[PDB]
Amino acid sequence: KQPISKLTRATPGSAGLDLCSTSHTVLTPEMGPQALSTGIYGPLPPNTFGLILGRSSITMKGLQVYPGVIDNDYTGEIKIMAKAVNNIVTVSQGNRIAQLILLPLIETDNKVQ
C-alpha cells in the first residue's frame, strides 16, 4: 500500500498524477469493464476529491478509462476502470494507463444520507 503522495507528476504543468497497473493487462472487447489494481490508496488532501481519467495516448490505442471519482476520505485502493474498445488491448505492468486529477471539494448544505 502506497499513498497518493508517492505518485509522480510527469511535469510541473501536468494536471494529473500518473497511475499504472500492478499486473500485466490483457483486455478484450467482450470482457466489459475491468477494475485494474494500482496498489495506491486514498485518502486525498483535505477539501479535495479525485478524478481518475485515461491518458490520451492510451485512449487512442483503444483502451478506454471510465471516469472514476475518489472521495476525499476513501482509504481503499484506487483502481482504474478500463475497457478494450474495439480490439484486444495489452498493457505491460508499469506502463502509465490513467491519471489522478485533484479537484476542490465544494461544500454545500445538502443532507448526508
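Numbering starts at 1 and follows the sequence shown.
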Binned into thirds over the chain's modelled residues, the C-alpha B-factor of residue 108 lands in the highest
Determine, from the deposited record, the chain-internal third of the Cα B-factor for residue 67: lowest, middle or highest.
-> lowest
According to the PDB entry, is the CA B factor of residue 5 in the bottom, middle or top third of its chain, that is, lowest, middle or highest?
-> lowest
Lowest, middle or highest third of the chain for the C-alpha temperature factor of residue 85?
-> highest
By the entry's values, the third containing the CA B factor of residue 22 is the middle
